[PDB]
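In what follows, a structure is listed as structure tokens, so that the remarks can point back to it.
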Amino acid sequence: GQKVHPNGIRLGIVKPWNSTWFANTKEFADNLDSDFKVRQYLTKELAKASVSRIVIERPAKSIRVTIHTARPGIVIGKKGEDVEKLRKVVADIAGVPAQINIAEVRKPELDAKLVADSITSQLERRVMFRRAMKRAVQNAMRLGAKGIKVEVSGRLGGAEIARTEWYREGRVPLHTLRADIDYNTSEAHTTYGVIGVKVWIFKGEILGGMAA
Amino acid sequence: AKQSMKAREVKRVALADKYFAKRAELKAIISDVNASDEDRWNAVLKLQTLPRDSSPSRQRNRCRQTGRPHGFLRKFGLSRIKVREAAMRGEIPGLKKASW
Amino acid sequence: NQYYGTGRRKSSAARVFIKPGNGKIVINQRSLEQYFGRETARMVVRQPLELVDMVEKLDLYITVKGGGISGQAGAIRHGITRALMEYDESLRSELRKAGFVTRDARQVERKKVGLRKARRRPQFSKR
Amino acid sequence: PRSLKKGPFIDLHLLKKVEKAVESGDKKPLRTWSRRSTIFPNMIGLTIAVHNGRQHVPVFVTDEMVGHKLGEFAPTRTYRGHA
Amino acid sequence: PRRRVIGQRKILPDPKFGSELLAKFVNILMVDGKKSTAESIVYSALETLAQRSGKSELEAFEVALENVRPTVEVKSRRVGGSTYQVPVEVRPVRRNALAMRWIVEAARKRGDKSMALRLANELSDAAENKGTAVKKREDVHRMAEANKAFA
Amino acid sequence: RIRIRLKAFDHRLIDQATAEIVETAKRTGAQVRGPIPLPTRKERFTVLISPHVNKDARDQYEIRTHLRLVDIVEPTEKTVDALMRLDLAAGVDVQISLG
RNA sequence: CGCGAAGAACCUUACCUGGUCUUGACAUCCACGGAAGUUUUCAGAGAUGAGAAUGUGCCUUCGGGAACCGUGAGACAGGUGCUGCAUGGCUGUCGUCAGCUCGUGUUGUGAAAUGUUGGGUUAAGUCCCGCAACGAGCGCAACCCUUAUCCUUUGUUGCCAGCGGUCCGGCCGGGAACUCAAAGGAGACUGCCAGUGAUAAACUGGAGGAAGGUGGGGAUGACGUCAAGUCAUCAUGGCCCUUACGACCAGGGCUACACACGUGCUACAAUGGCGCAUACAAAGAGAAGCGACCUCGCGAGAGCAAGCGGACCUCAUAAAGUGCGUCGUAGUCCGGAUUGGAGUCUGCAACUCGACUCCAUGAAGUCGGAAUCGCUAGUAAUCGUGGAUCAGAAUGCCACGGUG
RNA sequence: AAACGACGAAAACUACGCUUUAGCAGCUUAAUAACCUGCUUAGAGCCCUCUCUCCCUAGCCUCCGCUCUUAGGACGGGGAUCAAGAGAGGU
Ligand SMILES: [Mg+2]
Ligand SMILES: [Mg+2]
Ligand SMILES: [Mg+2]
Ligand SMILES: [Mg+2]
């Protein structure tokens, strides 16, 4: 409750948005709800495949959903028809004609969500929490990142007291307005309660801002 | 986000979008002085025994996602607490913190 | 002829078109006296041509458009200076040696949230 | 207020009940539940028990109340002094 | 300010005749941003005073200010809640400023048909050391010089 | 006689969209008037970020709207078709006027 | 403590009063039947009971299907009920205060220390020097948003520098020097000369400069403190009610009261009120809309009503200012509240409970103890305008410029 | 009033894995080496999936929505199998 949310301050410098179509004060509540529904359905449909980001667009009364994942095999399916099969249901949800795109990420351990994922899975399957934390740190460090701050709140390792713990390797700035700060948060459900996982990742210095 | 209050609001739309023509013509007739007293009285008496909760200006504008009965904004159709988390995540095409 | 300037001050903006002859200052169509009420102002807009001596040897023609007597009164001066400079440029000295060459940036700050007038703060209830 | 040409707001049922009372010639009170209804001159000479939630308070309507609401004669709060 | 020690700011040269003293008098006499009517009042009063005294306007204003010019400021540098004030000499700039502030305050104190008339009447008294400015100067100086054992 | 009003939020993409129509016109025709940027509309909103009670936590956001005009006074047989057969990029909005 | 509540007449909103209910107002589910559905008739204030006039909307093998209703339970609902002493998320304060740590090395047997201390300097753990310290992270600044001089690009709904007609109006003929419009940049960096300081860092002057030492304003709130505040935005592990804490609508009350308090508007009257020429702003909102004219109304606004998702039209002759007159120090031609009545906007309905209006009574109050709070520059202080909430209902909130 | 510290030294998808090559980097006097690493590409070991090397046919298409129909090209329809090679990729 002290630090500012970094995405909301990095929106207008380097970090791209997740919804930037054109509405006029009438249908964006509806567009926002449709985006939320399609994202929450995509999460439940691809809870196994590691999925990090979902972006939306609305060119000329048509919805385009772009998914950035690391296991496109499950979503594509055999003979490349499951993607169209689920495009049918997302088009039914969105009403307007729909199309979907896949932006499979090579070496995606630098993605905030996919680096905060599978550690929730290890905690759920009762793997040691300290082992999971150190594995996540080493995996996020070995790919060339310059710093990952992940915050874990609530019953560390299925404990009985909601405590606060956080590791930090490298350097993770939060006040610099040029540093690419990929931020996300996830939750783990266990037999003893719920745990929160917040992740900041410092990609490095990026000058020139947008337009590559 | 009470479920009991989340149905009355949608009823107040699903019933107010049906009596649009009759109410509009009645308002025009009773607003134009070029009418008859008996006809206007009969029209207002017929209008008043129409279901009360079907009036247009009898429903408070309710938030879309959470239904907070205060701070409803026309621009986003969402309350302040939800528009904060929406603009902070970045789903609003153009919402950046500002500085004049 | 026409040596030109563009004075600015507060949210105002002038446009002086000096030329050679005799006072005949004329602002936004009206003449000086008619345009500017606060006789004070009717001196800021004659100060520059005083530090030289062209009060009666040059002409003029302005058209300020923004702000209020507050600073429109001044933008003229700045300009009458920038353009006076383009008459001879040897005057740059005296004119800077009098403050008539700088554009004052003094603007008007923003009501910040929680305060009530930029700086002033809601009175605090003692204890 | 309301537009001069729109008309008063006497109830469907209240009008029927007062018409029944006036051609039956009964002295029994007529109980009414409406509180935002106006007054008609034809009720002069009748006892109306108007309801405000606590009691059916009686009104012996005079010939000096037509152009206002009958509910002004029956408050809802209970207070006649702090002590 | 403990560390930031600033100088003294510059004011407009008062293009009516040209005098820093006159500019300061105008900008201390004005209130509620009414410098236009304040200038009209003070200039009418000074022009009347010029004929009333027989000298020039600026010279008559300067000598009238000097004749009621004070010398000591009675400040409150006490160590705590206990009452322990101290008189001290005044620098020339603050001296002139305080003298003209007392003049413009006596102008508001004494009432008449108009503020221009009040200013003229009070300047016509400060010319021969009368009115309110000289009385206030004497009343401050007596209590500033009667306390000499306290340093 | 024919004009297009471009409405967007990004000056780094609305310029590309303008280029993709002005070059198309200059290729399948001529006599263009270039991009004319109208005064952008900025709408400000103060939002309380206090969940229950804090009358000090305010955030001052603003929504931008950039408008540009691309008018081709003299059209050929191919200009209208070339500027209407475009695969317009998402996000931008086109108001075309053919009087 | 003008807090949520960015606007409680009913609806509303969770409180109160009467009445209807039971896998319920709202969620998936089977046995099937009726297209869903539109107008009215009635008893009840209403809650929802009877029902008629009716429609048979597109489709497989017609042991029919989607969609919507209806009943029968059981698989289910529902909780603004509580637990912020289970929590997530969020926020305020300490505090944009300047500190909070780590790696290696060194020192002491060791706990531990150095770095982080000491002089200058600053807004600063900011910079320098010395010193077993050397470096690094979160940190103080910058990178982010505007203003301040100048350059180029594009010139419409805008400008008329110059030229022309001209209904004297930029109307267009024209144009891109300018103000303005949005895109990319030059640009203030101790860069300089002098003094001081340790031949440093720095500070002070002055020169150029549009701006000078951070050029000027805003977001960005460092480890941590307050079982700090919200299970009433929301989600949420446990208790909980399951023929009622779930649920039904109508009428009240959240707006009341011998009181005390935070905050602000309104006034104390000669810089002040009464009226008649007359002036200069920025930024905004607009299709269930913004709503020019005109006919009217002492006034609110009534009728008719052009244009416009708008550099086009509306809201919107801004004032303070200014030149005149006038009043003359008086509960005042100050002060505008309470009162009876009148219509108007507005939403089915303003007795509880709106606002506007103008005729009429014209309160209090006449710079206010002890205390006490805000401001260091285009800021205090005054004047008006604009914006969101919403059928209307701002002295509250957020912004904007003028004076200064 | 309480607050211990033990075993990714019980690496929990292989992202096909499985092979191998140059440099980088953590390591330290400078280096190597294990791998501690990712990281450009090479080739095939080895399981692979798809279009194939089969033939028949000249299929073939596209502005006018229908048509013999016109420069033309990356244009291309049915039936069982694959001997060994070749493009891609890895549900
Ligand atoms: Mg739990
Ligand atoms: Mg020191
Ligand atoms: Mg300098
Ligand atoms: Mg409403």
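Starting from 1 in every chain, residues are counted up; chains themselves are A, B, ... following the order of the structure tokens, and ligands are numbered from 1 as listed.
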
Find the residues of chain A in contact range of chain H, meaning any atom within 10 Å when counting only C-alpha atoms (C1' of nucleotides), and list them as a list in words.
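Residues of chain A within 10 Å of chain H, counting only C-alpha atoms (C1' of nucleotides): residues 70, 71, 72, 73, 74, 75, 76, 77, 78, 79, 80, 106, 107, 108, 118, 121, 122, 125, 127, 128, 130, 131, 132, 134, 135, 141, 142, 143 and 144 of chain A.
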
Keeping N, CA and C atoms, export the residues of the selection given above as an mmCIF file, in the first residue's frame.
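Output contents, as saved in result.cif:
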```
data_model
loop_
_atom_site.group_PDB
_atom_site.id
_atom_site.type_symbol
_atom_site.label_atom_id
_atom_site.label_comp_id
_atom_site.auth_asym_id
_atom_site.auth_seq_id
_atom_site.Cartn_x
_atom_site.Cartn_y
_atom_site.Cartn_z
ATOM 1 N N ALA A 70 3.528 -19.618 -24.007
ATOM 2 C CA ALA A 70 4.730 -20.409 -24.223
ATOM 3 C C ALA A 70 4.436 -21.855 -24.593
ATOM 4 N N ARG A 71 3.193 -22.299 -24.468
ATOM 5 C CA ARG A 71 2.815 -23.654 -24.845
ATOM 6 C C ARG A 71 1.658 -23.589 -25.832
ATOM 7 N N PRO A 72 1.909 -23.177 -27.076
ATOM 8 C CA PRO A 72 0.812 -23.047 -28.042
ATOM 9 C C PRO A 72 0.307 -24.391 -28.539
ATOM 10 N N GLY A 73 1.018 -25.468 -28.202
ATOM 11 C CA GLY A 73 0.602 -26.783 -28.658
ATOM 12 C C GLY A 73 -0.770 -27.177 -28.147
ATOM 13 N N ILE A 74 -1.038 -26.918 -26.866
ATOM 14 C CA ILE A 74 -2.322 -27.297 -26.277
ATOM 15 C C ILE A 74 -3.456 -26.507 -26.919
ATOM 16 N N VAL A 75 -3.264 -25.194 -27.072
ATOM 17 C CA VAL A 75 -4.326 -24.354 -27.618
ATOM 18 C C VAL A 75 -4.561 -24.656 -29.095
ATOM 19 N N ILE A 76 -3.500 -24.956 -29.851
ATOM 20 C CA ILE A 76 -3.675 -25.276 -31.265
ATOM 21 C C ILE A 76 -4.357 -26.630 -31.428
ATOM 22 N N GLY A 77 -3.894 -27.634 -30.692
ATOM 23 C CA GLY A 77 -4.438 -28.969 -30.801
ATOM 24 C C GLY A 77 -3.966 -29.686 -32.055
ATOM 25 N N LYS A 78 -4.422 -30.927 -32.197
ATOM 26 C CA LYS A 78 -4.092 -31.710 -33.379
ATOM 27 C C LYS A 78 -4.789 -31.146 -34.614
ATOM 28 N N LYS A 79 -4.074 -31.170 -35.738
ATOM 29 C CA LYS A 79 -4.537 -30.721 -37.051
ATOM 30 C C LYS A 79 -4.867 -29.233 -37.098
ATOM 31 N N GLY A 80 -4.503 -28.474 -36.066
ATOM 32 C CA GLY A 80 -4.716 -27.038 -36.052
ATOM 33 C C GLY A 80 -6.164 -26.604 -36.153
ATOM 34 N N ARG A 106 9.647 -16.964 -27.097
ATOM 35 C CA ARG A 106 10.840 -17.792 -26.974
ATOM 36 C C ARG A 106 11.575 -17.425 -25.692
ATOM 37 N N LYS A 107 11.874 -18.433 -24.869
ATOM 38 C CA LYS A 107 12.504 -18.251 -23.564
ATOM 39 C C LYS A 107 11.686 -17.269 -22.733
ATOM 40 N N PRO A 108 10.483 -17.651 -22.309
ATOM 41 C CA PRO A 108 9.562 -16.705 -21.663
ATOM 42 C C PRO A 108 9.719 -16.565 -20.156
ATOM 43 N N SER A 118 3.809 -21.563 -11.869
ATOM 44 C CA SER A 118 4.410 -22.869 -11.605
ATOM 45 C C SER A 118 5.081 -22.903 -10.237
ATOM 46 N N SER A 121 2.044 -23.468 -8.495
ATOM 47 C CA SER A 121 1.761 -24.887 -8.686
ATOM 48 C C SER A 121 2.570 -25.756 -7.726
ATOM 49 N N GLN A 122 3.857 -25.444 -7.544
ATOM 50 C CA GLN A 122 4.664 -26.189 -6.582
ATOM 51 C C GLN A 122 4.138 -26.026 -5.160
ATOM 52 N N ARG A 125 1.096 -28.232 -4.864
ATOM 53 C CA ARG A 125 1.518 -29.622 -4.739
ATOM 54 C C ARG A 125 2.576 -29.803 -3.653
ATOM 55 N N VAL A 127 5.438 -28.682 -2.736
ATOM 56 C CA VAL A 127 6.888 -28.583 -2.837
ATOM 57 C C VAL A 127 7.372 -27.476 -1.905
ATOM 58 N N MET A 128 8.616 -27.601 -1.441
ATOM 59 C CA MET A 128 9.154 -26.662 -0.464
ATOM 60 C C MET A 128 9.121 -25.236 -1.004
ATOM 61 N N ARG A 130 10.765 -22.518 0.003
ATOM 62 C CA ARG A 130 12.088 -21.937 -0.194
ATOM 63 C C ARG A 130 12.758 -22.478 -1.451
ATOM 64 N N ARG A 131 12.604 -23.778 -1.719
ATOM 65 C CA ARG A 131 13.109 -24.345 -2.963
ATOM 66 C C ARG A 131 12.445 -23.686 -4.164
ATOM 67 N N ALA A 132 11.125 -23.497 -4.099
ATOM 68 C CA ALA A 132 10.417 -22.857 -5.203
ATOM 69 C C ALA A 132 10.900 -21.427 -5.414
ATOM 70 N N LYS A 134 13.872 -20.059 -4.574
ATOM 71 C CA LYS A 134 15.229 -19.999 -5.108
ATOM 72 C C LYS A 134 15.277 -20.483 -6.553
ATOM 73 N N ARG A 135 14.446 -21.471 -6.904
ATOM 74 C CA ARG A 135 14.372 -21.905 -8.293
ATOM 75 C C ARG A 135 13.835 -20.798 -9.189
ATOM 76 N N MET A 141 17.101 -15.229 -13.263
ATOM 77 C CA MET A 141 18.422 -14.625 -13.410
ATOM 78 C C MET A 141 19.225 -15.220 -14.563
ATOM 79 N N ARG A 142 19.047 -16.510 -14.858
ATOM 80 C CA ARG A 142 19.876 -17.165 -15.865
ATOM 81 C C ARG A 142 19.580 -16.714 -17.290
ATOM 82 N N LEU A 143 18.448 -16.059 -17.539
ATOM 83 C CA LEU A 143 18.085 -15.643 -18.887
ATOM 84 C C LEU A 143 18.615 -14.265 -19.254
ATOM 85 N N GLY A 144 19.396 -13.633 -18.384
ATOM 86 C CA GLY A 144 19.978 -12.340 -18.673
ATOM 87 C C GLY A 144 19.256 -11.148 -18.086
#
```

Give me the residues within 8 Å of residue 151 (chain E) as a list in words, counting only C-alpha atoms (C1' of nucleotides) and dropping any in the same chain fewer than 2 places off.
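Skipping anything fewer than 2 positions along the chain leaves residues 86, 148 and 149 of chain E.
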
Please write the residues from the selection above to a file, keeping N, CA and C atoms, as a compact mmCIF listing (two decimals), in the first residue's frame.
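File written: selection_33.txt
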```
# COMPACT_ATOMS: atom_id res chain seq x y z
N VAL E 86 12.77 44.06 23.20
CA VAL E 86 14.05 44.73 22.99
C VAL E 86 13.92 45.80 21.91
N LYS E 148 16.60 51.11 28.92
CA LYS E 148 17.99 51.07 28.50
C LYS E 148 18.82 50.05 29.26
N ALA E 149 18.45 49.73 30.51
CA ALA E 149 19.20 48.74 31.28
C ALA E 149 19.07 47.34 30.69
```

To check your reading of the model: which residues sit at most 10 Å from ligand 2 when counting only C-alpha atoms (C1' of nucleotides) and all ligand atoms? Write the answer as a VMD selection string.
chain G and resid 117 to 121

Residues as selected, N, CA and C atoms (P, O5', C5', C4', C3', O3' and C1' of nucleotides), written as a PDB file, in the first residue's frame, can you do that?
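Final output, out-v8.pdb:
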```pdb
ATOM      1  P     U G 117      27.895   9.527   8.190  1.00  0.00           P
ATOM      2  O5'   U G 117      28.373   9.832   9.678  1.00  0.00           O
ATOM      3  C5'   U G 117      28.730   8.783  10.566  1.00  0.00           C
ATOM      4  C4'   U G 117      30.066   9.042  11.216  1.00  0.00           C
ATOM      5  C3'   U G 117      30.609  10.457  11.082  1.00  0.00           C
ATOM      6  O3'   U G 117      30.050  11.360  12.020  1.00  0.00           O
ATOM      7  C1'   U G 117      32.314   8.905  10.562  1.00  0.00           C
ATOM      8  P     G G 118      29.750  12.882  11.597  1.00  0.00           P
ATOM      9  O5'   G G 118      31.196  13.542  11.472  1.00  0.00           O
ATOM     10  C5'   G G 118      31.981  13.817  12.623  1.00  0.00           C
ATOM     11  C4'   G G 118      33.291  14.468  12.250  1.00  0.00           C
ATOM     12  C3'   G G 118      33.199  15.647  11.289  1.00  0.00           C
ATOM     13  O3'   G G 118      32.890  16.864  11.950  1.00  0.00           O
ATOM     14  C1'   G G 118      34.884  14.155  10.556  1.00  0.00           C
ATOM     15  P     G G 119      32.482  18.175  11.112  1.00  0.00           P
ATOM     16  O5'   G G 119      33.872  18.754  10.591  1.00  0.00           O
ATOM     17  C5'   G G 119      34.302  20.065  10.934  1.00  0.00           C
ATOM     18  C4'   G G 119      34.881  20.774   9.737  1.00  0.00           C
ATOM     19  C3'   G G 119      33.860  21.295   8.737  1.00  0.00           C
ATOM     20  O3'   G G 119      33.322  22.551   9.105  1.00  0.00           O
ATOM     21  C1'   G G 119      35.512  20.072   7.586  1.00  0.00           C
ATOM     22  P     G G 120      31.852  22.971   8.612  1.00  0.00           P
ATOM     23  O5'   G G 120      32.057  23.377   7.083  1.00  0.00           O
ATOM     24  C5'   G G 120      32.890  24.470   6.722  1.00  0.00           C
ATOM     25  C4'   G G 120      33.239  24.452   5.253  1.00  0.00           C
ATOM     26  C3'   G G 120      32.073  24.517   4.273  1.00  0.00           C
ATOM     27  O3'   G G 120      31.629  25.850   4.048  1.00  0.00           O
ATOM     28  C1'   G G 120      33.597  22.816   3.609  1.00  0.00           C
ATOM     29  P     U G 121      30.102  26.289   4.321  1.00  0.00           P
ATOM     30  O5'   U G 121      29.289  25.675   3.096  1.00  0.00           O
ATOM     31  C5'   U G 121      29.720  25.865   1.755  1.00  0.00           C
ATOM     32  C4'   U G 121      29.016  24.919   0.814  1.00  0.00           C
ATOM     33  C3'   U G 121      27.535  24.697   1.080  1.00  0.00           C
ATOM     34  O3'   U G 121      26.733  25.727   0.528  1.00  0.00           O
ATOM     35  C1'   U G 121      28.615  22.621   0.632  1.00  0.00           C
TER      36        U G 121
END
```

I'd like to know which residues of chain F are strand (DSSP E or B) (by DSSP, run on the backbone); could you write them as JSON, numbers by chain?
{"F": [2, 3, 4, 5, 6, 7, 8, 35, 36, 37, 38, 39, 40, 41, 42, 43, 44, 45, 46, 47, 48, 58, 59, 60, 61, 62, 63, 64, 65, 66, 67, 68, 69, 70, 71, 72, 93, 94, 95, 96, 97, 98]}

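Going from CA of residue 205 (chain A) to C1' of residue 220 (chain G) covers 17.5 Å.
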
As a PDB file with N, CA, C and O atoms (P, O5', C5', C4', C3', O3' and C1' of nucleotides), in the first residue's frame, please: the residues near residue 107 (chain C) (cut-off 8 Å, only C-alpha atoms (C1' of nucleotides), same-chain neighbours under 3 positions excluded).
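This went into out_22.pdb:
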```pdb
ATOM      1  N   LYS C  10       2.273  37.452 -19.296  1.00  0.00           N
ATOM      2  CA  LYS C  10       1.061  36.746 -18.833  1.00  0.00           C
ATOM      3  C   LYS C  10       0.487  35.980 -20.014  1.00  0.00           C
ATOM      4  O   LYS C  10       1.259  35.481 -20.809  1.00  0.00           O
ATOM      5  N   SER C  11      -0.821  35.820 -20.080  1.00  0.00           N
ATOM      6  CA  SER C  11      -1.445  35.040 -21.174  1.00  0.00           C
ATOM      7  C   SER C  11      -1.756  35.980 -22.326  1.00  0.00           C
ATOM      8  O   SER C  11      -2.772  35.769 -22.984  1.00  0.00           O
TER       9      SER C  11
ATOM     10  P     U G 147       3.215  24.366 -22.878  1.00  0.00           P
ATOM     11  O5'   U G 147       3.755  25.536 -21.942  1.00  0.00           O
ATOM     12  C5'   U G 147       2.862  26.317 -21.161  1.00  0.00           C
ATOM     13  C4'   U G 147       3.610  27.248 -20.241  1.00  0.00           C
ATOM     14  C3'   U G 147       4.724  28.058 -20.884  1.00  0.00           C
ATOM     15  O3'   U G 147       4.250  29.207 -21.564  1.00  0.00           O
ATOM     16  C1'   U G 147       5.512  27.091 -18.877  1.00  0.00           C
ATOM     17  P     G G 378       6.969  33.257  -9.161  1.00  0.00           P
ATOM     18  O5'   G G 378       5.911  33.641 -10.284  1.00  0.00           O
ATOM     19  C5'   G G 378       4.584  33.082 -10.280  1.00  0.00           C
ATOM     20  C4'   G G 378       3.619  34.039  -9.628  1.00  0.00           C
ATOM     21  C3'   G G 378       2.139  33.820  -9.929  1.00  0.00           C
ATOM     22  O3'   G G 378       1.411  34.013  -8.739  1.00  0.00           O
ATOM     23  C1'   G G 378       2.695  36.081 -10.151  1.00  0.00           C
TER      24        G G 378
END
```

Residue 164 (chain G) environment, 12 Å, only C-alpha atoms (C1' of nucleotides), sequence neighbours closer than 6 positions dropped, as a ChimeraX atom specification:
/G:172-174

With C-alpha atoms (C1' of nucleotides) retained, export the selected residues as a PDB file, in the first residue's frame.
```
ATOM      1  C1'   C G 172     -13.231  36.614 -50.547  1.00  0.00           C
ATOM      2  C1'   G G 173      -9.050  37.258 -54.400  1.00  0.00           C
ATOM      3  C1'   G G 174      -4.549  35.506 -52.051  1.00  0.00           C
TER       4        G G 174
END
```
